[PDB]
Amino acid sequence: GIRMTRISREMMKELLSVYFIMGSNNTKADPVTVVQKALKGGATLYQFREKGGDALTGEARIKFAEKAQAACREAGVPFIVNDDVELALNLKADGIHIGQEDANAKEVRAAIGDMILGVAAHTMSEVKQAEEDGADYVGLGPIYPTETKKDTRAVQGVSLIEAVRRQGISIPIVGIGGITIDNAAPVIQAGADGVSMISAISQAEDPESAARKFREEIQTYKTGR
């Protein structure tokens, strides 16, 4: 249900383990079917991100969001909305994710009560500002090269993740950008609480198996660090 209190850091870190993000234009298969498969395989959190070319709009976009949210309910996984604060409130989403060029975080926190709030950050200053504004987690990247999102900041590897932890900041962190089954380990080793991805799952020949592999791997990495 809706949160009457801010999510705990311990719980937030658990949800970030395998954070699947997807829109209808990120796969050649049926969108909802791919989300259902990712959830069955083991994704721990899902972000509805519908934007850019050939993306759905109007009520068609709302209906797709409703179907994806229903799939999350069936799987017992939280549903996060990207960018659209109004849609998140209208659908009773579990959270909202925003970036540096979107609505201001302090303004968004005030509009959503105790809903989960994620903020994309690329510098130490941005990470610190996000925490002060009331974010529950920060998405750091691009860790590796990605073409899924064109307008991205420079690739930073795990440098920022390491820098944040070295300064004593314990805010929940999820890495993003070109993450695959074979390169996720360093992200968790650097201090991240999880990995987020689009194409490694959305464009996989077997999305369920990919999600299951991620879930198994991340659990091992987190216990090993």
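Basically, rigid core = biggest C-alpha set you can superpose within 1.5 Å across the two forms. Numbering starts at 1 and runs along the sequence shown.
In 4 other deposited structures of this protein, superposed by the rigid core, the C-alpha atoms of 152-160 lie farther from the shown form than the other of 185-193 and 152-160. Judged by the one-third criterion across other entries of this protein, residue 86, modelled here, is also modelled in every one of those that cover both its neighbours. Residue 74, present in the displayed chain, carries coordinates in each of the other PDB entries compared that cover both sides of it, far from a third leaving it out.
When the two stretches 90-98 and 106-114 are set side by side, the higher mean Cα temperature factor goes to 106-114. A summary of the deposited B-factors shows that, of 20-28 and 208-216, the stretch with the larger mean C-alpha value is 208-216.
You'll see in the entry that, of 170, 33, 199, 44, the Cα B factor peaks at 170. When the C-alpha B-factors of 49, 67, 37, 166 are ranked from the entry, the top spot goes to 166.
In the deposited entry, the Cα temperature factor of residue 152 sits in the top third of values across the chain's modelled residues. Residue 56 sits in the highest third of its chain by CA B factor, as recorded in the PDB entry. Compared with the other modelled residues of the chain, the Cα B-factor recorded for residue 146 ranks in the highest third. Residue 75: CA B factor in the highest third of modelled residues in this chain (values from the PDB entry).
Ranked within its chain, residue 132 lands in the highest third, by CA B factor from the PDB record.
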